[PDB]
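Each chain, letter by letter, is given below.
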Amino acid sequence: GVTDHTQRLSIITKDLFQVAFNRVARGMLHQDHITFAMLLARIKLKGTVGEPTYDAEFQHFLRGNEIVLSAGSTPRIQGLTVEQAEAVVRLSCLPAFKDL
């Protein structure tokens, strides 16, 4: 019942993502469903129009721990444990979270 080509293209893209996830995740363990969904979400974010790639934020998401904290460089923050302090210090490297 859809004749306009733009609507058909949008429906095809959405159904592609949906059917791919359904068909794959029906043969996956429940732990890995979220992983593949995250991968497809990142693929769409690469393919979506008007949104930046967010390459730096995802790079910190996947390799934030790879950032180095010098010994004694972690301060003490009221209410945060040591681990949360290291996490916040690592997250402060990005420019958006500079005042975190």
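Looking at the method and resolution fields of the entry, one finds cryo-EM and 3.52 Å.

Peer 1: Even after reading the chapter, I still don't get the layout of surface pockets, so can you show me in this structure?
Peer 2: Unfilled space is identified by rolling a water-sized probe across the atoms. Approximately 180 Å³ is the volume found for the largest pocket. Lining the largest pocket we find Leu9, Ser10, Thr13, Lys14, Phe17, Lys44, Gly47 and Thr48. Put simply, the parts of the chain that give the lining of the largest pocket at least two residues each are α1 (5–25) and α2 (33–47). For the lining of the largest pocket, the element with the most residues is α1, which contributes five residues. For the lining of the largest pocket, the class distribution of residues is two nonpolar, four polar and two charged.

Peer 1: Got a minute to help me understand the environment of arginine 76 in this structure?
Peer 2: Structurally, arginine 76 is set in the loop between α3 (55–63) and α4 (82–91). Here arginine 76 falls in the exposed class, since its relative accessible area comes to 88%. For the pair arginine 76 and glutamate 86, spaced ten residues apart in sequence, the C-alpha to C-alpha distance is 9.6 Å.

Cut-offs and rules
- Residues numbered from 1 in each chain as written, not as in the entry; some residues may be left out.
- Part of a larger assembly, values for the part shown.
- Heavy atoms only, no water.
- 1 Å grid on protein atoms, 1.4 Å probe; cavity = no way out; pocket = protein on both sides within 12 Å on 5 of 7 lines; lining within 4 Å.
- Points joined across faces, edges and corners; volume = space filled by probe spheres on them.
- Helix = DSSP H or I, 4+ residues; strand = E, 2+ residues; numbered from the N terminus.
- Nonpolar A, V, L, I, M, F, W, Y, C, P; charged D, E, K, R; others polar.
- Buried < 20%, exposed > 50% of the residue type's maximum accessible area, 1.4 Å probe, protein only.

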